[PDB]
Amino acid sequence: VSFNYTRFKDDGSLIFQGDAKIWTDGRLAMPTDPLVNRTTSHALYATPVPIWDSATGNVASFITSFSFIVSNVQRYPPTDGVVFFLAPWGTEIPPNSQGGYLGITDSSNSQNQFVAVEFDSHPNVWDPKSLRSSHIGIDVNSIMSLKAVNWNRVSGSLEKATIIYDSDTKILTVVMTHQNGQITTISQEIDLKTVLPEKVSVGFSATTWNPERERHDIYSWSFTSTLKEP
């Protein structure tokens, strides 16, 4: 699967759910209006990405990169915020997934499937119980990230995320290039065959809360996956 949005236009290639909307300048707004309380937005590439193949046991490798900005509104504290994720094709927004559950986790499940790279702007009770405030986490089947690094969340600042999944070694690795010329990285060993079905969606889920809220605006997104085949 190969795609490249250098901007977003309604062209039938994406699937919006909840409060995700294409605002002009070709911005993917998640949510379109953060003043609405407790938004949940999904923005999925419109066809399934094969990530593994039953006949071969082969797993896909992929890279995706996206540039985005999270932004305060106006004196509200920021939440919740925005993820890139793989979920079973057929999954809708889960129940009991609002706010700090990022539109990807119910909350009560268990049970609960999903690989995510989260850009978490709000410290919940389960969050890197560090004094991390904002953080970049990798989630596997849990809102409690299996790894996470501090994120100097800067309102309106361009963040450039690159995520590589290497099927050979089963590593998901993330790098986020900040406007200040620094990078943050975090990685996690995940075998996609162990935790997800052979076809998933890829794309974003973003939430906000009330009074807590922020913009999650995605400016570009490229994605390349390859499943061998045999």
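Residues carry their position along the shown sequence, with the first being 1.
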May I ask you to compare 13 to 21 and 203 to 211 by their mean CA B factor in the entry and name the higher one?
13 to 21
Of 103 to 111 and 140 to 148, which one has the bigger average CA B-factor?
103 to 111
For the listed residues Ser61, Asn180, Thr47, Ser187, which one has the largest C-alpha B-factor as given in the deposited model?
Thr47
Name the residue from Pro77, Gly156, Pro94, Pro123 with the greatest C-alpha temperature factor listed in the entry.
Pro94
Entry-reported C-alpha B-factor of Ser71 relative to its chain, by third, is middle
For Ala87, return the chain-relative third of its C-alpha B-factor as stated in the PDB record: lowest, middle or highest.
middle
Temperature factor at the Cα of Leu28, chain-ranked in thirds, falls in the middle
Sort the modelled residues of this chain by their C-alpha B factor and say whether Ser134 lands in the lowest, middle or highest third.
lowest
Going by the CA temperature factor in the PDB record, which third of the chain does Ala55 belong to: lowest, middle or highest?
highest
